[PDB]
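Here's the structure we're looking at; comments come further down.
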Amino acid sequence: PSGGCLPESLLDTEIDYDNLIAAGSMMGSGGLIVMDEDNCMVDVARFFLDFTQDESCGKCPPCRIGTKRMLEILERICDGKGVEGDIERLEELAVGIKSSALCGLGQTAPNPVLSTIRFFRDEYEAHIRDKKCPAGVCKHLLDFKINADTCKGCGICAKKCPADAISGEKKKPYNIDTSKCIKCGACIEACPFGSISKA
Amino acid sequence: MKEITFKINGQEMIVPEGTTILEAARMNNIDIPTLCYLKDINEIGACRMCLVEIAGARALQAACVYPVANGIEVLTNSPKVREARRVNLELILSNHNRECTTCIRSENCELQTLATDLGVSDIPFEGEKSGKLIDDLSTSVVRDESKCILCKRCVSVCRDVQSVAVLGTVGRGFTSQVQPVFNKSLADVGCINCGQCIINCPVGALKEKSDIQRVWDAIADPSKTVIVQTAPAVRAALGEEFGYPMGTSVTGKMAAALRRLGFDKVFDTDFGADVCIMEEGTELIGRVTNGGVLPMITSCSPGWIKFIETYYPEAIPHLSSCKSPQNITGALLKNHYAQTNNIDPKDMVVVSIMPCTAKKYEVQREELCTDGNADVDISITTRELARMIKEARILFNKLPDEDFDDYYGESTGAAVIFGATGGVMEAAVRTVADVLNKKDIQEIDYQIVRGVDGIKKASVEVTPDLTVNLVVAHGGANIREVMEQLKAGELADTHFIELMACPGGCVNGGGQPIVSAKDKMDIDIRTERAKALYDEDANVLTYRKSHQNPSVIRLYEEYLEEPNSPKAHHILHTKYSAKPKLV
Amino acid sequence: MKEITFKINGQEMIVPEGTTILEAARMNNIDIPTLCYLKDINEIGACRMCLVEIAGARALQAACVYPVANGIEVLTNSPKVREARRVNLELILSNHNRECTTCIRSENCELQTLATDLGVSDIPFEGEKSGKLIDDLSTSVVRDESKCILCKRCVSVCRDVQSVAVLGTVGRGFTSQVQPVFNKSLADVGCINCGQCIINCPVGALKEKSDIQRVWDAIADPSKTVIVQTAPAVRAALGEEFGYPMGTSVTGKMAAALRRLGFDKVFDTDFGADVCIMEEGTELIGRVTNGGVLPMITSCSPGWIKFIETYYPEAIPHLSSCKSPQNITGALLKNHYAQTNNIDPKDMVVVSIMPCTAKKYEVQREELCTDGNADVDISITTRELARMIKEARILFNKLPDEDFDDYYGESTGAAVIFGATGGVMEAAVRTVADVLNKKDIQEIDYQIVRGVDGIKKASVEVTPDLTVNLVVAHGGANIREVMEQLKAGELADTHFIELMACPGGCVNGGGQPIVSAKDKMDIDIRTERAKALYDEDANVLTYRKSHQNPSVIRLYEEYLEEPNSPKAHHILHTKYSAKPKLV
Ligand code: SF4
Ligand code: SF4
Ligand code: SF4
Ligand code: SF4
Ligand code: SF4
Ligand code: SF4
Ligand code: SF4
Ligand code: SF4
Ligand code: SF4
Ligand code: SF4
Ligand code: SF4
Ligand code: FES
Ligand code: FES
Ligand SMILES: [Zn+2]
């Protein structure tokens, strides 16, 4: 959480003091974590942002109040309740907090948000405008579609839908009500054929 | 002492080492905002409003507790530091309750002044606040943590100045609240009800319960005749409520305003204080002629006797059985004036105005009832009186003057200095010296102990055979150390220890109205109210000895018989039991 | 006069006819709340906060509107009245936004005083408010109906005493609100930027355009040099928002404060006003000696000249080609000082203060330009300066005194009295008498027309051959009626017509900080402005005459030749055009 992400445009970066601070990140203890296309990069910023809220020593008002007041902007995107222009409200707290911290967390807390926006601005717009997760990770922003060719139509997933958003007749691929299920995902593993994919 | 050279805004200053930029710039007529800081007690700087940029620094530093250094340049008018102060301001305002129309503090809340000070306009934010729990179960103090903004000034003043410290900070983040221990209430722990906590909070997180609905019902009941008592120190700072200049006395205007309220009768404390001093001296001469329990202490302020009973009750034989002077005059009014006017004692109501907060606790006590009836009914402080007279709203500055009445309106300087530092026992020494050896003294010096301020020693002979030793301690820490040496027996030689609960004496009662941090910076306010009361005492042009008062001698002859009578033992003298400690 | 009897709280009183309970109670030291009432203007009682109990009545009646009768005993301390006003205050509190941390006046809003005075505890009544919109398009004044409580005083003060009448009520129920005609913005309708529209609204629903951000941007650039300017009448109003007693000159103190703010140059309106009076006397001589258009009329205020050009385009040939003094100072500063000091005109910024709110309109006007460059690019008000200095929040009360700079800050009393009502004509007749007949006069006899206050007439013998008549008209109704009689041509005899947009002089202007209606009850504030101004004028130790200043004639034979030179005709005089009317 003390540093930032290093995307594919910076593979020839000499990792030292003056280059990675010019890249807007700091080594700290030296932990190195590699990400791929299989996880959404939106909510993992909230994952490091989970760390700072539950550990903050509770003295300075930014590291108390400004932290959790910055969660609800992310999760309303993460459940599809956000509006356009909220990412520019994030940029208001971007330079305010870092100049107004006492505890060592406060200087280094929002820098994961700072690192990702200057490369991955477009994928937020997919979360904000298209209402679609590129990695299919954000639970409330994903929908399930079945494939007609691979589905047998046995109806095992029909027994495992708690909201009963799937219905139909035997021996044929069923129909999916997108808005009716809670997107729990209990039906995808119960199919022995793997006929359910994330859209 | 070391000299430090530094330039602020291009201006060079030589200061003693250890002083900070805040007070140095205040000396240079420059102001820095503050919520966190108060002198000599709280230097943590957690408010994060007093920011300023220092050249040669990685990030910004708070001017509150940043120490001075040689060769440093300070500039206080960059756009970035203004932006920092403003953004901290809306992050505070998104937590702190915005219905400031119905706040108790209302007018001079520090947060409103700072909100207008930085001139913020937009609140673009929606958030979730702390939990709303009303602890309306205590006797004096009600907390509303929906308003509390984690100043930690309250816990600091209860920690060091009080040396009581029944408050702490728990939880993480939003769960970090200031609370008593075990998630209990203040009535469920040993809170002294001092009043320093409720006066030093800058946003009105601490309030006192209204009793004014019962007062307004009482004045609206024709079957009840109302008597309203007055304090010697109620007019010490009341005029500051109306923007008056400093140390103003409005006693005649005060009396006229009270008589414009439809209140039936108005008395004061002064005769009760005089007679209380009388039996204090009488029991003194009794115990020095019989070899009584020594060292002896008073029983005046209820807060410290509650302190010494709940905490360390081992000195319980050293108390005096007599009540507070306001209790004495309440009982005297409830019996002798009642039989004088032939009015049933269940048909009038008594209300008294005290700047000390312990009286609304003391009225709830069960053993201080006489003739099957309570001694006093309703206790009122100056804030309550203040917006009550502002509620009836007679424009105060244009009233005429009025005097008090027959019998009980006369005043002497010995009970003018009743609220002052040690004037009660000073007058006690005057009375006992005049009784035994006819000595005329107008003032007695005190000795300051080096190492701790606030403790004063005096030892002046009453007779060449009998010398009496006097110490007066004010403030909870001072109480704790004198109690510690009393258990050590260091002052086994002395005769009198005088305990004032709140610091600076009975004249710094928590019931006095709120003062600003700026006003506490400029003039130390007990000095100005001390000058007002000392000019009042020198302005007492009739009597400066208590026992010469003919009215009290008349009441002695007609109803009180002889000093320390068996009837005085029956009426004027009571007993306290073991109150439970839940600490 | 007829004498009528009543009894207030058991006290008998004889009053003349027309005396209401409210003013008689205030005379008899009794105070009653009001929002509805103001003297002589707004008497509707529609706030319903001034309720007093009258015995024998079916329901309660409002004190302001109720006329007295013979022998009625009334009381003002009942449970009935207090509960009724509590209910009505609870009700009226529901609409206005409780976000008082962003209310523009904040601590001076008297609704807050009523809230903290009447002991309102909770808000049990949530709900939904009117239809929201903000017309932030007008260049001077912005409305917000989320704070308005519909007291009708704004439309009353614009309708009658100003004789403008461009506001009204619309709708039924919640759709009732105060609007202009056909709900367009104030910028295209016949508003005059009166400023009395904003100064009397009790809730701050009327506001200025806070344009401090470009002040900060201009001072934030090191390459732009800033030249500040003080109006001759602002110094009698700063202590009002610093709580000072009446009429305290804070002149050198605010000079030192603005020097401490880091502004590059400081100057005053005095010298340009002197130049303008000399110039106006020169066209006086020119028009009299050539038999020009009579009467000639000055151009001191932008308000009434905009009023004429938007209302009465047939009256154009009687105007004065000269501009306001502030424009003249801006032009001379960007030409003569720029050429002398070799500083580029587009690299300088000039900001000036004047409480007259109509000035923000003329900065919008493009025609007041020198070589295509606006004469002054930015200006703030006295309230704007107060907000900025409380951003700076310097400890104002402990500053030393300083003087302004050379050449352009010199002082004469003849333009100390410039800010008063009619001092312009006084200085004009002084300079024309010294030029043409060597007469030294200081004060002029005034005969005011009977029945009308605000119109003033005189006849001064300037020369034994030519006697000049004086007409001074300040206040909207006075301007309206002198316009009506000059329209018929009744007053062709006179030569001077003094039209002044605000009533009571610019010492009763818009930009001055708010005073409550309570303080206007005792003493009219223009009286103490007049006394402070006259004490400033009578203590001027060097000069009392305008044209006798060496610096003005130095700049005359240095750069500007003589008044009404062709070059001065190109840079000091210009033409005016009519403006479109959509009322
Ligand atoms: S940033 Fe540091 S001082 Fe501030 S709340 Fe977090 S741990 Fe406490
Ligand atoms: S369990 Fe698989 S094969 Fe059977 S109906 Fe569901 S998706 Fe089709
Ligand atoms: S995601 Fe869950 S609720 Fe939605 S259809 Fe599948 S099993 Fe049912
Ligand atoms: S803290 Fe109290 S006085 Fe201050 S704004 Fe909030 S409610 Fe009002
Ligand atoms: S009681 Fe007052 S000083 Fe203490 S934490 Fe709460 S708001 Fe701050
Ligand atoms: S009243 Fe006194 S003892 Fe009680 S919590 Fe407050 S400071 Fe502590
Ligand atoms: S005034 Fe002070 S010392 Fe006296 S009872 Fe009250 S708190 Fe205690
Ligand atoms: S006008 Fe309204 S918002 Fe402004 S201070 Fe008064 S109550 Fe608050
Ligand atoms: S805008 Fe102001 S003055 Fe006009 S009616 Fe509303 S509250 Fe009254
Ligand atoms: S600015 Fe003038 S015309 Fe416009 S509303 Fe106010 S008083 Fe009326
Ligand atoms: S008279 Fe009034 S409106 Fe006209 S310029 Fe002066 S202050 Fe402004
Ligand atoms: S008092 Fe909080 S930053 Fe100094
Ligand atoms: S002015 Fe308030 S009721 Fe008449
Ligand atoms: Zn996603």
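Just so you know, all these numbers are worked out from the coordinates, no wet-lab data involved. Cβ: placed from backbone, ideal geometry, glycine included. Neighbour counts: every protein chain shown.
Using only the alpha carbon atoms of region B:340-445, find the Kirkwood hydrodynamic radius as the inverse mean reciprocal pair distance, in angstroms to one decimal. Could the numbers behind the result be given before it?
Details: mean 1/r = 0.0557 Å⁻¹.
This gives a value of 17.9 Å.
What is the set of long-range amide H partners of B:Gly195 at a cut-off below 5 Å, with H atoms built 1.01 Å from backbone N?
Distant-sequence amide H within range of B:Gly195: zero hits.
Which whole number of Å³ per residue matches the convex hull of the alpha-carbon atoms in region B:85-190? Walk me through the numbers on the way to the answer.
Numbers: hull volume 14.3 nm³, N = 106.
Spread over its residues, the Cα hull of region B:85-190 gives 135 Å³ apiece.
Give me the distance in nm between label points sitting 7 Å out from Cα along the Cα-to-Cβ direction at B:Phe242 and C:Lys346, one decimal.
It works out to 6.3 nm between the two label points.
Using Cβ counts within 10 Å as a stand-in for footprinting exposure, how do C:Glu145, B:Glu110, C:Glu484 rank, fewest first? Numbers along the way, then the final one.
Working: C:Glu145 20, B:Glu110 23, C:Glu484 10.
Placing the least packed residue first, the sequence is C:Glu484, C:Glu145, B:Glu110.
Compute the acute angle (0 to 90°) between the alpha-carbon long axis of helix C:302-311 and the principal axis of greatest extent of the alpha-carbon atoms of chain C; round to the nearest 10°.
Roughly 80 degrees between the two axes.
How much length would be gained if the chain were fully extended between A:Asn175 and A:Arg89, taking 0.36 nm per residue of separation minus their Cα-Cα distance, in nm to one decimal?
Details: separation 86, 0.36 × 86 = 30.96 nm, distance 4.04 nm.
Full extension of this stretch gives 26.9 nm more.
When only alpha-carbon atoms count, how far does region B:418-501 stretch along each of its three principal axes, as whole angstroms with the largest first?
37, 28, 19
Counting pairs of alpha carbon atoms under 8 Å apart in space and at least six apart in sequence, what relative contact order in percent does region C:265-370 give? The partial results should precede the final answer.
On the way: 56 pairs, mean separation 29.8, N = 106.
Dividing the mean separation by the residue count of region C:265-370 yields 28 percent.
Under Stokes-Einstein, with the Kirkwood radius over Cα pairs standing in for Rh, what whole-number D in µm²/s applies to region B:294-362 at 37 °C and 0.692 mPa s? Could you put the intermediate results ahead of the total?
Numbers: Rh = 14.1 Å.
Calculated translational D: 232 µm²/s.
Please give the peptides C:122-128, A:185-191 ranked by average Cβ packing (other Cβ atoms within 10 Å per residue), highest first, as a rough proxy for protection. Show your work: numbers first, answer last.
Details: C:122-128: 8.0, A:185-191: 15.3.
Output ranking for C:122-128, A:185-191: A:185-191, C:122-128.
Using a Förster distance of 25 Å, how high is the FRET efficiency between A:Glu8 and A:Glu125, based on the Cβ-Cβ distance and rounded to 0.05? Before the final figure, lay out the partial values.
Values: r = 20 Å, r/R0 = 0.78.
After rounding, the FRET efficiency stands at 0.80.
Taking just the C-alpha trace of region C:248-303, give me its Rg and Dmax in Å.
Gyration radius and largest Cα-Cα distance of region C:248-303: 18.0, 53 Å.
Below 8 Å, C-alpha to C-alpha, sequence gap of six or more: please give me the relative contact order for region B:450-511 in percent.
Numbers: 79 pairs, mean separation 20.0, N = 62.
Once normalised by length, the contact order is 32 percent.
Quick check: the angle from helix C:79-93's long axis to the longest principal axis of chain C, C-alpha only, nearest 10 degrees?
50 degrees
Given 0.36 nm per residue, what is the gain on full extension from C:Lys129 to C:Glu83 after removing their alpha carbon distance, in nm? Show your work: numbers first, answer last.
On the way: separation 46, 0.36 × 46 = 16.56 nm, distance 2.48 nm.
Working it through step by step, the gained length comes to 14.1 nm.
Taking a temperature of 10 °C and a viscosity of 1.306 mPa s, what whole-number D in µm²/s does Stokes-Einstein yield for the protein assembly as shown with Rh from Kirkwood over alpha carbon pairs?
Stokes-Einstein gives a translational diffusion coefficient of 42 µm²/s.
Under 26 Å between alpha carbons, and skipping anything fewer than 8 positions from C:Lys518 in its own chain: which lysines qualify?
B:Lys253, B:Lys390, B:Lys398, C:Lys7, C:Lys39, C:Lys80, C:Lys147, C:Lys152, C:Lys207, C:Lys390, C:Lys531
Grab every C-alpha pair in chain C, bin the distances at 10 angstrom width from 0 up to the longest one, and report whole percents.
Using 10 Å bins, I get a P(r) of 3, 15, 25, 25, 18, 9, 4, 1, 0 for chain C.
How much length is gained on full extension from C:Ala55 to C:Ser163, taking 0.36 nm per residue of separation minus their Cα-Cα distance? Present the calculation step by step, with values, prior to reporting the outcome.
On the way: separation 108, 0.36 × 108 = 38.88 nm, distance 4.08 nm.
Extending this stretch completely gives an extra 34.8 nm.
Compute the Cα gyration tensor for region B:335-399, then decide on rounded, prolate or oblate, letting a ≥ b ≥ c be the square roots of its eigenvalues: rounded whenever a/c is under 1.5, prolate when a/b is larger than b/c in the other cases, and oblate in all that remain.
Details: a/c = 3.41, a/b = 1.54, b/c = 2.22.
Judged from the Cα gyration tensor, region B:335-399 comes out oblate (a/c at least 1.5, b/c at or above a/b).
I need the inter-copy label distances for B:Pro566: point set 7 Å along Cα to C-beta, values in nm with one decimal, smallest first.
Reported distances to equivalent positions: 12.4 nm.
Straight-line reach from C:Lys438: which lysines have Cα under 19 Å away, leaving out those fewer than 8 places along the same chain?
Of all the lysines, those that pass the test against C:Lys438 - Cα under 19 Å, at least 8 places apart if same chain - are C:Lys545.
I need the peptides A:172-178, B:201-207, A:47-53 ranked by packing, meaning the mean over residues of other C-beta atoms within 10 angstrom, with the highest value on top. Present the calculation step by step, with values, prior to reporting the outcome.
Numbers: A:172-178: 14.6, B:201-207: 21.0, A:47-53: 16.6.
Highest to lowest by the protection proxy: B:201-207, A:47-53, A:172-178.
Got a sec? Which residues in region C:151-186 would a label at C:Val65 touch, if it sits 7 Å along Cα→Cβ and we count backbone N under 15 Å?
C:151-153
Under a crude label model (7 Å from the Cα following the beta-carbon direction), how far is C:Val583 from A:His140 in nanometres?
Reported label-point gap for C:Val583 and A:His140 is 5.8 nm.
Please give the Cα centre distance for region C:425-455 versus region B:121-170, rounded to the nearest Å.
Here the two parts' Cα centres lie 67 Å apart.
Cα-Cα pairs above 19 Å in region A:63-199: how many percent?
Working: 5621 of 9316 pairs.
Considering region A:63-199, 60 percent of its Cα-Cα pairs are separated by more than 19 Å.
How big is region B:4-104 along each principal axis, measuring the range of its Cα positions in Å and listing the largest first?
So the three principal-axis extents are 48, 30, 23 Å.
With chain B rotated onto chain C, spot the residue of B whose Cβ lies nearest the axis and note the distance in whole Å.
Nearest Cβ to the rotation axis, residue and whole-Å distance: B:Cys100, 3.
Students often forget the sequence filter, so: which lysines lie under 23 Å Cα-Cα from A:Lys132 once same-chain residues fewer than 8 apart are removed?
A:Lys81, A:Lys145, A:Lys180, A:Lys183, A:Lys198
From the label point of B:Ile285, set 7 Å along Cα to the beta carbon, how far off in nm is each other copy's matching point, shortest first?
For B:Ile285, the inter-copy label distances come out at 9.9 nm.
Over chain B, what relative contact order in percent results from Cα pairs under 8 Å that are six or more residues apart? Display every interim value, and only then the final one.
Details: 880 pairs, mean separation 84.7, N = 583.
Result for chain B is 15 percent.
Any idea what % of Cα-Cα pairs in region A:1-124 are farther than 26 Å?
On the way: 1582 of 7626 pairs.
It works out to 21 percent of all Cα pairs.
Angle check, please: helix A:86-98 long axis (alpha carbons) against the longest principal axis of chain A (alpha carbons), in degrees 0 to 90, nearest 10.
30 degrees
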